[PDB]
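**Student:** I'd like to ask you about the structure that follows.
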Amino acid sequence: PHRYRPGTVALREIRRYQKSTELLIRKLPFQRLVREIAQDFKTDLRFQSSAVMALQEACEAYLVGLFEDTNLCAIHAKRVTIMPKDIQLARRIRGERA
Amino acid sequence: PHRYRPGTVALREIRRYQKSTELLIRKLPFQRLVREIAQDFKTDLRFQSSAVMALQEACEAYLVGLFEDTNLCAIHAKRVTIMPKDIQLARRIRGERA
Amino acid sequence: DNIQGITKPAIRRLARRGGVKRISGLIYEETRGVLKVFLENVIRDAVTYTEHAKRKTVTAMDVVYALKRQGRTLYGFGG
Amino acid sequence: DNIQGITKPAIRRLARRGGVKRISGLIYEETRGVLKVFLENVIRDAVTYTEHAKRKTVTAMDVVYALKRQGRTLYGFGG
Amino acid sequence: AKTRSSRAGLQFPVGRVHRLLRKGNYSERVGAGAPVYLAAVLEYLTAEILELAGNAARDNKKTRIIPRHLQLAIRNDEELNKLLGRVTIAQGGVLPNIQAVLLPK
Amino acid sequence: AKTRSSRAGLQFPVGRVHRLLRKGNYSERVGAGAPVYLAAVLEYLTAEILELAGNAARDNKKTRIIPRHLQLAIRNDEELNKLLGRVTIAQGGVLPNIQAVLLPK
Amino acid sequence: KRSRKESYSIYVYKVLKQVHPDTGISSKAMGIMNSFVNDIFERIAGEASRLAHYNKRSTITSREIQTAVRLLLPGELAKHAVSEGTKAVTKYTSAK
Amino acid sequence: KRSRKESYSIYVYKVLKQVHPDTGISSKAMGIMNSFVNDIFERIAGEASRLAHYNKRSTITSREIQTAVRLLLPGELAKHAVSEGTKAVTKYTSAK
DNA sequence: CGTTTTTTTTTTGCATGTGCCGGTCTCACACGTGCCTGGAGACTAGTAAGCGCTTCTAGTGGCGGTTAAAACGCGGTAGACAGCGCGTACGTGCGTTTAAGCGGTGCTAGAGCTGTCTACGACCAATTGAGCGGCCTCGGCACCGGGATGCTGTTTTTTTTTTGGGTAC
DNA sequence: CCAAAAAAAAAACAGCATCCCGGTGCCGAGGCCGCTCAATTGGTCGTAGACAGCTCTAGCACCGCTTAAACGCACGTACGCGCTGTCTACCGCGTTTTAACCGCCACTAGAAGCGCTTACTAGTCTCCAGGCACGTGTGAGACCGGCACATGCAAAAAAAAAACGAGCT
Ligand SMILES: [Ca+2]
Ligand SMILES: [Ca+2]
Ligand SMILES: [Ca+2]
Ligand SMILES: [Ca+2]
Ligand SMILES: [Ca+2]
Ligand SMILES: [Ca+2]
Ligand SMILES: [K+]
Ligand SMILES: [K+]
């Protein structure tokens with residue numbers, strides 16, 4: 001009755017995705033978020049297919065890099081688990097928030 | 001004989017220097033250091049006094065800002081002392097350092 | 001609320017690419033908040049570039065130009 | 001020891017403005033290294049400006065142009 | 001002859017601004033609205049700082065604005081702080097701020 | 001048999017660059033050497049990345065360089081990674097890199 | 001005599017007196033206010049400069065200065081700044 | 001239709017065959033390489049432009065392009081680049 | 001020195017992923033082709049800038065007294081940090097549910113291109129007042145001493161928590 | 001429960017720093033002046049871009065399968081974190097030493113301004129091939145078997161390192 005210990009699969013997932021370059025958000029739910037966010041500014045707005053791709057490439061790139069930094073913050077607190085305050089410190093030092 | 005608890009003066013010193021705007025590095029030493037570091041790029045260089053003051057206003061600003069971001073890293077690790085690893089994390093997340 | 005379309009499993013995968021091994025339960029709602037702002041701050045400028053060119057279609061170049069202003073230059077969409 | 005001309009008490013003052021209350025003894029030398037790598041990166045560019053202008057005197061504007069480049073724009077010395 | 005700035009209702013030199021736009025290698029040609037609009041915006045932003053900067057100086061019991069007043073003005077206004085978030089104001093110091101965890105109990 | 005590229009010994013179009021320089025609102029006048037010097041630097045940096053990208057490709061048993069090869073080339077090199085420290089390369093992923101403390105004993 | 005060093009300082013003083021008639025300004029504080037006008041000048045001008053080149057157009061119009069200001073200035077600053085510009089131009093177009 | 005959109009991708013292929021004659025390039029990779037040359041074109045051209053303007057000169061010369069490269073490229077990259085660019089200028093002012 | 005326990009450490013035992021061969025099928029890199037527009041050319045003309053020559057700004061160096069700042073050492077508290085111990089918040093792994101992803105069709109907004117035509121801005125010369133450098137003055141503000149006030153720390157006393165007996169299952 | 005020992009709480013008390021006031025004196029903000037060059041005016045000419053009309057690209061909607069991925073629940077391990085406890089690094093303040101600071105004078109490097117002169121680049125009209133779009137081919141690479149193979153965990157193998165005689169000096 002097999003059971004990998006907590007954090008064994010995680011290290012595999014880290015290894016797996018760090019190897020690859022595929023977008024890790026499902027494209028339709030993302031596109032919908034773009035158009036929703038867009039609506040606020042200007043209504044009846046069309047998007048090039050590439051434009052929504054450029055925006056997901058970006059959004060993901062950004063979030064991976066924040067988790068990088070957010071992780072170092074968790075390690076600095078002698079933890080291994082990233083928590084909201086980890087993100088908040090990453091972004092306050094980055095200059096993205098006051 | 002009267003004696004202040006460790007850090008009561010520190011708090012006072014913080015309040016004092018956050019209230020004031022004077023350059024906190026002694027001018028002559030700093031100017032020597034500016035000339036020293038210049039000789040690495042070109043020999044027999046002259047400097048406008050403003051050019052030296054510009055550099056000191058810049059360094060002092062940078063360092064105060066760095067100590068602010070450092071101090072946050074220290075508190076994040078449930079400490080009150082800034083240590084080299086608070087400065088290293090700060091500069092890493094800023095992207096000054098690999 | 002298409003933000004909820006940004007699923008826990010998807011956030012975890014981004015986190016994993018970001019070398020993360022363990023993850024608070026509060027991070028998924030946090031991460032969504034940060035994402036929304038990022039897309040707001042980029043799109044707002046993208047759509048401004050759309051409006052000025054007098055179009056009804058946000059082009060990739062609009063996004064490229066916006067991302068460059070947010071200090072997030074993007075290669076391979078018309079850079 | 002020009003770099004030491006940046007005294008422990010000077011650095012300690014800078015940190016107090018930074019609102020630091022307590023300071024490891026290792027900080028003072030660490031701080032000297034950060035400051036050296038800061039002036040090096042500015043004075044480098046600063047001087048590159050002086051050179052290109054064919055001058056033997058570094059001008060405040062040279063510094064100002066250098067800081068703007070390093071992403072550290074400074075107000076009240078020209079530009 | 002009366003200045004473009006007089007016509008446009010501004011304190012800022014529409015003339016000067018027009019010249020700087022031609023001489024600044026920004027575009028081949030410069031429209032007639034452009035320098036008027038740009039002058040207005042620089043005047044508006046200049047007003048907003050000096051407004052708050054004045055209030056800063058009055059709260060010190062000082063007649064003349066000094067760099068610190070400008071700094072107190074800018075760093076305490078959320079939007080002006082964001083506009084000048086990558087800008088160092090010589091002789092301005094920093095806002096009084098001590099992390100709660102550092103105060104005694 | 002002549003062309004401004006082949007006189008300077010380049011694959012980058014010294015002509016194209018000289019026109020981009022004139023038309024791109026940088027200065028009134030463009031010196032004849034400027035577009036030569038520039039084409040050279042753009043070529044030299046393109047070579048530097050291709051060299052290392054094709055060393056990451058040939059290291060995957062791949063005939064064709066893809067985005068990931070370019071990224072790998074640029075991030076593992078300290079100097080290139082600096083020059084492009086604020087750029088995102090799309091379909092580029094991130095260097096395999098796990099923090100030691102997260103590993104098992 | 002010394003060569004001519006131009007400056008925005010006579011107009012800063014004008015605006016200051018409009019907003020605080022009984023308030024002065026140090027030489028340094030004036031130098032900061034100058035750095036400021038030139039900074040934002042360059043920022044708007046350059047962002048306009050780009051907008052024009054992006055839309056294959058030879059001319060920086062008021063419309064470029066506007067879009068540039070909506071890109072650069074945060075929230076309420078951009079709205080108010082945009083109005084002031086739009087007023088200034090209208091009034092300038094009426095007097096000719 | 002389809003405009004007539006100019007690229008760098010031939011001059012990239014003509015350098016890829018010179019360094020690594022066996023191995024080629026996908027579109028997305030050639031796109032990232034086109035972005036790259038355009039980015040750095042602008043960074044250098046832009047700094048040269050300022051370099052000129054600061055010094056009250058009307059012409060961007062190979063000298064402006066040089067100083068600009070000293071400011072923009074890190075340690076070794078900045079030396080090698082200067083050379084290749086000094087090399088290319090000399091061989092061109094030879095070849096008439 | 002041996003002789004019981006424990007505390008560490010070594011080697012199987014399966015169960016899960018990647019890592020790797022062989023085919024092998026598609027679509028996108030590659031190259032060829034023909035045609036258009038952007039680079040090339042030789043010309044004239046003007047002026048941008050290199051150079052040489054003059055001005056006098058302000059950057060450099062030196063000196064000697066004052067005193068604030070750095071230094072260095074003594075002492076002790078309060079913080080870093082290591083260990084322990086407890087409660088559940090996360091990770092894993094199923095079985096169930098969802099809707100993204102795929103390939104395809106059908107409709108048309110609007111992206112994008114062309115040609116035409118003129119309102120607008122560049123360029124020009126003359127005109128002149130705004131804004132500059134230089135110069136003068138006089139009150140704001142820096143500096144100082146003196147007294148009021150607020151905040152700290154110590155020692156004493158009070159208040160509650162907290163902790164080591166004295167009987168019960 | 002009983003009772004005693006701390007650990008916090010409140011209290012009074014000396015003390016040191018900080019803050020506020022009026023007084024003094026210096027200099028830099030402020031404003032005035034006279035000259036200068038940059039903005040204004042009014043004129044002509046060219047073309048950038050506004051607009052109308054036409055092409056057709058690709059963005060949108062919709063549909064209907066096949067999974068791959070999301071979701072939800074069960075269960076338990078390993079982590080986050082609160083508590084305690086120990087060692088000294090870092091803070092405070094004192095006495096001793098240093099050199100920054102200031103004001104000043106003397107010297108001249110070189111910043112900066114002006115005038116001349118010509119080599120270099122912009123502008124123009126003519127030519128044409130390099131580089132474009134478009135379109136077809138063909139082999140790289142992604143896909144899909146199964147087959148070593150490495151791992152990595154559930155332990156039992158044994159094998160070291162402690163807890164306790166040991167029994168003698
Ligand atoms: Ca094969
Ligand atoms: Ca249309
Ligand atoms: Ca006058
Ligand atoms: Ca051909
Ligand atoms: Ca082939
Ligand atoms: Ca397979
Ligand atoms: K000088
Ligand atoms: K006065």
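Ligands are numbered from 1 in the order shown, residues from 1 within each chain, and chains are lettered A, B, ... in the order they appear in the structure tokens.
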Ligand 3: which residues are within 12 Å, counting only C-alpha atoms (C1' of nucleotides) and all ligand atoms? Reply as an NGL selection string.
**Tutor:** (:I and (128-132)) or (:J and (32-36))
**Student:** Would you write out those residues with C-alpha atoms (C1' of nucleotides), as a PDB file, in the first residue's frame?
**Tutor:**
```pdb
ATOM      1  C1'  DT I 128      11.208  93.745 -29.705  1.00  0.00           C
ATOM      2  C1'  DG I 129      10.106  92.620 -24.957  1.00  0.00           C
ATOM      3  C1'  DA I 130      10.591  88.633 -21.934  1.00  0.00           C
ATOM      4  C1'  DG I 131      13.877  86.773 -19.222  1.00  0.00           C
ATOM      5  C1'  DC I 132      18.864  86.632 -18.311  1.00  0.00           C
TER       6       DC I 132
ATOM      7  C1'  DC J  32      15.425  95.891  -9.438  1.00  0.00           C
ATOM      8  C1'  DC J  33      18.029  97.313 -13.743  1.00  0.00           C
ATOM      9  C1'  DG J  34      19.822  97.469 -18.444  1.00  0.00           C
ATOM     10  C1'  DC J  35      21.118  94.811 -22.279  1.00  0.00           C
ATOM     11  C1'  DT J  36      20.354  90.827 -25.415  1.00  0.00           C
TER      12       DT J  36
END
```
**Student:** Enumerate residues in contact with ligand 8: an atom-to-atom distance of at most 7 Å, counting only C-alpha atoms (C1' of nucleotides) and all ligand atoms. Format the result as a PyMOL selection string.
**Tutor:** (chain I and resi 138-139) or (chain J and resi 29-30)
**Student:** Using only C-alpha atoms (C1' of nucleotides), determine which residues lie at most 6 Å from residue 66 (chain C), disregarding the query and same-chain residues fewer than 4 positions distant; provide the list as an MDAnalysis selection string.
**Tutor:** chainID C and resid 42 45:46
**Student:** Report as a list in words the set of chain J residues whose atoms approach chain B to within 9 Å, with distances computed over only C-alpha atoms (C1' of nucleotides).
**Tutor:** residues 15, 16, 90, 91, 92, 93 and 100 of chain J
**Student:** Do a neighbour search on residue 20 (chain D) at 12 Å with only C-alpha atoms (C1' of nucleotides), toss out local chain neighbours closer than 4 positions, and write the hits as an MDAnalysis selection string.
**Tutor:** (chainID B and resid 7 10:15 17:18 63:75 79:83 86) or (chainID D and resid 11:16 24 27) or (chainID E and resid 97:103)
**Student:** Determine, counting only C-alpha atoms (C1' of nucleotides), which protein, DNA and RNA residues have an atom within 7 Å of an atom of region 30-39 of chain H; residues of the same chain fewer than 4 positions away are not included. Present the result as a ChimeraX atom specification.
**Tutor:** /C:75-79 /F:42,89 /H:7-9,25-26,43
**Student:** Those residues you just picked out, can you put them in a file as an mmCIF file, in the first residue's frame with N, CA, C and O atoms?
**Tutor:**
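Once everything was written out, this is again.cif:
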```
data_model
loop_
_atom_site.group_PDB
_atom_site.id
_atom_site.type_symbol
_atom_site.label_atom_id
_atom_site.label_comp_id
_atom_site.auth_asym_id
_atom_site.auth_seq_id
_atom_site.Cartn_x
_atom_site.Cartn_y
_atom_site.Cartn_z
ATOM 1 N N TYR C 75 10.110 39.501 -25.469
ATOM 2 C CA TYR C 75 10.727 39.101 -26.759
ATOM 3 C C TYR C 75 9.836 38.066 -27.466
ATOM 4 O O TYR C 75 9.247 37.184 -26.775
ATOM 5 N N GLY C 76 9.721 38.196 -28.799
ATOM 6 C CA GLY C 76 9.067 37.219 -29.696
ATOM 7 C C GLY C 76 7.559 37.390 -29.771
ATOM 8 O O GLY C 76 6.844 36.366 -29.698
ATOM 9 N N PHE C 77 7.088 38.636 -29.871
ATOM 10 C CA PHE C 77 5.699 39.002 -30.264
ATOM 11 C C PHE C 77 5.724 40.286 -31.112
ATOM 12 O O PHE C 77 4.644 40.822 -31.434
ATOM 13 N N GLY C 78 6.916 40.757 -31.491
ATOM 14 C CA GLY C 78 7.085 41.960 -32.324
ATOM 15 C C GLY C 78 8.066 42.962 -31.739
ATOM 16 O O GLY C 78 8.242 44.029 -32.360
ATOM 17 N N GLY C 79 8.695 42.659 -30.597
ATOM 18 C CA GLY C 79 9.819 43.459 -30.067
ATOM 19 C C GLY C 79 10.584 44.148 -31.193
ATOM 20 O O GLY C 79 10.709 45.373 -31.266
ATOM 21 N N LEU F 42 25.639 44.843 -33.027
ATOM 22 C CA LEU F 42 24.401 44.016 -33.125
ATOM 23 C C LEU F 42 24.743 42.627 -33.669
ATOM 24 O O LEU F 42 24.200 41.637 -33.139
ATOM 25 N N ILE F 89 11.930 36.095 -22.106
ATOM 26 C CA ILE F 89 11.972 35.292 -23.363
ATOM 27 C C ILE F 89 10.812 34.296 -23.302
ATOM 28 O O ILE F 89 10.821 33.437 -22.400
ATOM 29 N N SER H 7 12.363 42.684 -41.385
ATOM 30 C CA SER H 7 12.868 41.859 -40.256
ATOM 31 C C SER H 7 14.405 41.911 -40.228
ATOM 32 O O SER H 7 14.981 42.696 -41.007
ATOM 33 N N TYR H 8 15.038 41.161 -39.321
ATOM 34 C CA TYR H 8 16.512 40.955 -39.265
ATOM 35 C C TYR H 8 16.847 39.505 -39.636
ATOM 36 O O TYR H 8 18.050 39.216 -39.804
ATOM 37 N N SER H 9 15.823 38.656 -39.812
ATOM 38 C CA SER H 9 15.907 37.172 -39.714
ATOM 39 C C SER H 9 16.840 36.581 -40.782
ATOM 40 O O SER H 9 17.385 35.492 -40.514
ATOM 41 N N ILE H 25 17.134 27.204 -36.763
ATOM 42 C CA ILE H 25 16.350 28.066 -35.823
ATOM 43 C C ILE H 25 14.844 27.996 -36.130
ATOM 44 O O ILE H 25 14.465 28.222 -37.300
ATOM 45 N N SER H 26 14.018 27.729 -35.107
ATOM 46 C CA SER H 26 12.529 27.785 -35.167
ATOM 47 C C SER H 26 12.091 29.251 -35.271
ATOM 48 O O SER H 26 12.948 30.132 -35.086
ATOM 49 N N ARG H 43 18.434 50.840 -27.514
ATOM 50 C CA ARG H 43 19.242 51.169 -26.311
ATOM 51 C C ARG H 43 20.471 51.982 -26.728
ATOM 52 O O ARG H 43 20.710 53.047 -26.126
#
```
**Student:** Would you kindly return, as a list in words, each protein, DNA or RNA residue with an atom no farther than 8 Å from any atom of residue 38 (chain A), considering only C-alpha atoms (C1' of nucleotides) and excluding same-chain residues fewer than 4 positions away?
**Tutor:** residues 34, 42, 43 and 45 of chain A; 40, 43, 44 and 47 of chain C
**Student:** Measuring between only C-alpha atoms, which one of B:98, B:57, B:93, B:49 shows the shortest distance to chain E?
**Tutor:**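 Distance minimum relative to chain E lands on B:57.
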**Student:** Could you pull out all residues of region 4-83 of chain E with a DSSP call of strand (DSSP E) and give them as JSON, numbers by chain?
**Tutor:** {"E": [29, 30, 64, 65]}
**Student:** Could those residues be written to a file, using N, CA and C atoms, as a PDB file, in the first residue's frame?
**Tutor:**
```pdb
ATOM      1  N   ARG E  29       7.925  66.892 -36.919  1.00  0.00           N
ATOM      2  CA  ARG E  29       7.026  68.078 -36.865  1.00  0.00           C
ATOM      3  C   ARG E  29       6.317  68.138 -35.506  1.00  0.00           C
ATOM      4  N   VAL E  30       6.025  69.352 -35.033  1.00  0.00           N
ATOM      5  CA  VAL E  30       5.346  69.627 -33.731  1.00  0.00           C
ATOM      6  C   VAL E  30       4.069  70.436 -34.002  1.00  0.00           C
ATOM      7  N   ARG E  64       9.692  80.033   3.687  1.00  0.00           N
ATOM      8  CA  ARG E  64      10.220  79.528   2.395  1.00  0.00           C
ATOM      9  C   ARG E  64      10.228  77.995   2.397  1.00  0.00           C
ATOM     10  N   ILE E  65       9.792  77.413   1.279  1.00  0.00           N
ATOM     11  CA  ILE E  65       9.887  75.958   0.978  1.00  0.00           C
ATOM     12  C   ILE E  65      11.369  75.586   0.885  1.00  0.00           C
TER      13      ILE E  65
END
```
**Student:** 9 Å from ligand 7 is the threshold here; counting only C-alpha atoms (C1' of nucleotides) and all ligand atoms, which polymer residues fall inside it? Answer as a PDB file with N, CA, C and O atoms (P, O5', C5', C4', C3', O3' and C1' of nucleotides), in the first residue's frame.
**Tutor:**
```
ATOM      1  N   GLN B  48      34.231  68.829 -10.046  1.00  0.00           N
ATOM      2  CA  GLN B  48      33.334  69.911  -9.539  1.00  0.00           C
ATOM      3  C   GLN B  48      32.867  69.537  -8.121  1.00  0.00           C
ATOM      4  O   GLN B  48      32.512  68.348  -7.906  1.00  0.00           O
TER       5      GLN B  48
ATOM      6  N   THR D  57      38.042  67.341 -16.096  1.00  0.00           N
ATOM      7  CA  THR D  57      37.232  67.621 -14.878  1.00  0.00           C
ATOM      8  C   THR D  57      35.878  66.904 -14.993  1.00  0.00           C
ATOM      9  O   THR D  57      35.191  67.104 -16.014  1.00  0.00           O
TER      10      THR D  57
ATOM     11  P    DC I  56      38.199  87.888 -19.023  1.00  0.00           P
ATOM     12  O5'  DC I  56      37.916  86.958 -17.760  1.00  0.00           O
ATOM     13  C5'  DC I  56      37.073  85.785 -17.829  1.00  0.00           C
ATOM     14  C4'  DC I  56      37.420  84.821 -16.717  1.00  0.00           C
ATOM     15  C3'  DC I  56      37.972  85.455 -15.433  1.00  0.00           C
ATOM     16  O3'  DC I  56      37.411  84.835 -14.266  1.00  0.00           O
ATOM     17  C1'  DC I  56      39.484  83.846 -16.216  1.00  0.00           C
ATOM     18  P    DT I  57      35.853  85.041 -13.878  1.00  0.00           P
ATOM     19  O5'  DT I  57      35.313  83.558 -13.679  1.00  0.00           O
ATOM     20  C5'  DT I  57      34.643  82.853 -14.740  1.00  0.00           C
ATOM     21  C4'  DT I  57      34.723  81.367 -14.486  1.00  0.00           C
ATOM     22  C3'  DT I  57      34.393  80.944 -13.053  1.00  0.00           C
ATOM     23  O3'  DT I  57      33.711  79.689 -13.146  1.00  0.00           O
ATOM     24  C1'  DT I  57      36.597  80.273 -13.570  1.00  0.00           C
ATOM     25  P    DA I  58      32.680  79.188 -12.026  1.00  0.00           P
ATOM     26  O5'  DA I  58      33.510  78.063 -11.262  1.00  0.00           O
ATOM     27  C5'  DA I  58      34.156  76.997 -11.989  1.00  0.00           C
ATOM     28  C4'  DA I  58      35.268  76.391 -11.164  1.00  0.00           C
ATOM     29  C3'  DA I  58      34.971  76.241  -9.665  1.00  0.00           C
ATOM     30  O3'  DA I  58      35.444  74.997  -9.131  1.00  0.00           O
ATOM     31  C1'  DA I  58      37.012  77.326  -9.964  1.00  0.00           C
ATOM     32  P    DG I  59      34.703  73.606  -9.448  1.00  0.00           P
ATOM     33  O5'  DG I  59      35.902  72.555  -9.461  1.00  0.00           O
ATOM     34  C5'  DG I  59      36.699  72.283 -10.638  1.00  0.00           C
ATOM     35  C4'  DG I  59      38.150  72.126 -10.244  1.00  0.00           C
ATOM     36  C3'  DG I  59      38.405  71.310  -8.964  1.00  0.00           C
ATOM     37  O3'  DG I  59      39.486  70.378  -9.112  1.00  0.00           O
ATOM     38  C1'  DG I  59      39.485  73.360  -8.817  1.00  0.00           C
TER      39       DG I  59
ATOM     40  P    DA J 109      49.230  74.613 -15.210  1.00  0.00           P
ATOM     41  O5'  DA J 109      48.088  73.501 -15.236  1.00  0.00           O
ATOM     42  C5'  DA J 109      47.763  72.729 -14.057  1.00  0.00           C
ATOM     43  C4'  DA J 109      46.338  72.219 -14.100  1.00  0.00           C
ATOM     44  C3'  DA J 109      45.889  71.600 -15.420  1.00  0.00           C
ATOM     45  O3'  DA J 109      44.946  70.558 -15.168  1.00  0.00           O
ATOM     46  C1'  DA J 109      44.659  73.589 -15.019  1.00  0.00           C
ATOM     47  P    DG J 110      44.429  69.658 -16.372  1.00  0.00           P
ATOM     48  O5'  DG J 110      43.159  70.451 -16.910  1.00  0.00           O
ATOM     49  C5'  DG J 110      42.066  70.793 -16.038  1.00  0.00           C
ATOM     50  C4'  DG J 110      41.093  71.705 -16.747  1.00  0.00           C
ATOM     51  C3'  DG J 110      40.766  71.320 -18.197  1.00  0.00           C
ATOM     52  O3'  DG J 110      39.419  71.683 -18.522  1.00  0.00           O
ATOM     53  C1'  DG J 110      41.494  73.507 -18.139  1.00  0.00           C
ATOM     54  P    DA J 111      38.254  70.591 -18.652  1.00  0.00           P
ATOM     55  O5'  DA J 111      36.965  71.400 -18.190  1.00  0.00           O
ATOM     56  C5'  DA J 111      36.957  72.200 -17.001  1.00  0.00           C
ATOM     57  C4'  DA J 111      35.992  73.350 -17.170  1.00  0.00           C
ATOM     58  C3'  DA J 111      34.899  73.189 -18.229  1.00  0.00           C
ATOM     59  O3'  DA J 111      33.780  73.999 -17.819  1.00  0.00           O
ATOM     60  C1'  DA J 111      36.416  74.861 -18.919  1.00  0.00           C
ATOM     61  P    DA J 112      32.414  74.079 -18.679  1.00  0.00           P
ATOM     62  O5'  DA J 112      32.634  75.359 -19.598  1.00  0.00           O
ATOM     63  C5'  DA J 112      32.996  76.632 -19.025  1.00  0.00           C
ATOM     64  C4'  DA J 112      33.239  77.642 -20.123  1.00  0.00           C
ATOM     65  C3'  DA J 112      32.302  77.498 -21.324  1.00  0.00           C
ATOM     66  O3'  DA J 112      31.868  78.808 -21.674  1.00  0.00           O
ATOM     67  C1'  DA J 112      34.505  77.547 -22.071  1.00  0.00           C
TER      68       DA J 112
END
```
**Student:** Taking the DSSP secondary structure from the backbone, can you list the residues of chain C that are alpha helix (DSSP H), as a PyMOL selection string?
**Tutor:** chain C and resi 8-17+27-53+60-69
**Student:** Generate a file of the selected residues that holds C-alpha atoms, formatted as a PDB file, in the first residue's frame.
**Tutor:**
```
ATOM      1  CA  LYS C   8      -5.151  26.168  -7.229  1.00  0.00           C
ATOM      2  CA  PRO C   9      -3.608  23.371  -9.418  1.00  0.00           C
ATOM      3  CA  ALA C  10      -2.406  26.080 -11.930  1.00  0.00           C
ATOM      4  CA  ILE C  11      -0.975  28.432  -9.181  1.00  0.00           C
ATOM      5  CA  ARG C  12       0.861  25.366  -7.675  1.00  0.00           C
ATOM      6  CA  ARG C  13       2.440  24.670 -11.138  1.00  0.00           C
ATOM      7  CA  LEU C  14       3.673  28.330 -11.423  1.00  0.00           C
ATOM      8  CA  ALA C  15       4.948  28.043  -7.786  1.00  0.00           C
ATOM      9  CA  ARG C  16       6.706  24.710  -8.766  1.00  0.00           C
ATOM     10  CA  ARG C  17       8.423  26.287 -11.813  1.00  0.00           C
ATOM     11  CA  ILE C  27      -1.415  31.952  -1.134  1.00  0.00           C
ATOM     12  CA  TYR C  28      -4.019  30.996  -3.815  1.00  0.00           C
ATOM     13  CA  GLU C  29      -6.293  34.013  -2.962  1.00  0.00           C
ATOM     14  CA  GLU C  30      -3.136  36.190  -2.467  1.00  0.00           C
ATOM     15  CA  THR C  31      -1.610  35.090  -5.858  1.00  0.00           C
ATOM     16  CA  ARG C  32      -4.971  35.906  -7.616  1.00  0.00           C
ATOM     17  CA  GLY C  33      -4.964  39.474  -6.145  1.00  0.00           C
ATOM     18  CA  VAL C  34      -1.367  40.036  -7.414  1.00  0.00           C
ATOM     19  CA  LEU C  35      -2.208  38.561 -10.886  1.00  0.00           C
ATOM     20  CA  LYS C  36      -5.351  40.800 -11.286  1.00  0.00           C
ATOM     21  CA  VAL C  37      -3.304  44.003 -10.530  1.00  0.00           C
ATOM     22  CA  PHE C  38      -0.508  42.838 -12.932  1.00  0.00           C
ATOM     23  CA  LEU C  39      -3.080  42.316 -15.756  1.00  0.00           C
ATOM     24  CA  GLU C  40      -4.982  45.556 -14.864  1.00  0.00           C
ATOM     25  CA  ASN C  41      -1.711  47.635 -14.892  1.00  0.00           C
ATOM     26  CA  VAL C  42      -0.578  46.054 -18.252  1.00  0.00           C
ATOM     27  CA  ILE C  43      -3.997  45.916 -20.065  1.00  0.00           C
ATOM     28  CA  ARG C  44      -4.934  49.534 -19.007  1.00  0.00           C
ATOM     29  CA  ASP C  45      -1.787  50.733 -20.915  1.00  0.00           C
ATOM     30  CA  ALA C  46      -2.294  48.186 -23.774  1.00  0.00           C
ATOM     31  CA  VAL C  47      -5.918  49.495 -24.276  1.00  0.00           C
ATOM     32  CA  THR C  48      -4.597  53.143 -24.102  1.00  0.00           C
ATOM     33  CA  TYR C  49      -2.246  52.251 -27.032  1.00  0.00           C
ATOM     34  CA  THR C  50      -5.297  50.664 -28.801  1.00  0.00           C
ATOM     35  CA  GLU C  51      -7.439  53.851 -28.244  1.00  0.00           C
ATOM     36  CA  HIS C  52      -4.692  56.254 -29.531  1.00  0.00           C
ATOM     37  CA  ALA C  53      -4.145  54.234 -32.792  1.00  0.00           C
ATOM     38  CA  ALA C  60       0.207  42.033 -29.689  1.00  0.00           C
ATOM     39  CA  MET C  61       2.323  45.214 -30.278  1.00  0.00           C
ATOM     40  CA  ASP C  62      -0.060  47.158 -27.956  1.00  0.00           C
ATOM     41  CA  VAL C  63       0.736  44.569 -25.172  1.00  0.00           C
ATOM     42  CA  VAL C  64       4.491  44.550 -26.130  1.00  0.00           C
ATOM     43  CA  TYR C  65       4.633  48.424 -25.833  1.00  0.00           C
ATOM     44  CA  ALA C  66       2.664  48.295 -22.504  1.00  0.00           C
ATOM     45  CA  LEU C  67       4.873  45.513 -20.990  1.00  0.00           C
ATOM     46  CA  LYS C  68       8.005  47.602 -21.965  1.00  0.00           C
ATOM     47  CA  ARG C  69       6.592  50.641 -20.007  1.00  0.00           C
TER      48      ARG C  69
END
```
**Student:** Within 10 Å of ligand 2, counting only C-alpha atoms (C1' of nucleotides) and all ligand atoms: which residues, as a PyMOL selection string?
**Tutor:** (chain C and resi 54-55) or (chain I and resi 110-113)
**Student:** Please write out the residues within 10 Å of ligand 5 as a PyMOL selection string, counting only C-alpha atoms (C1' of nucleotides) and all ligand atoms.
**Tutor:** (chain I and resi 29-31) or (chain J and resi 137-140)
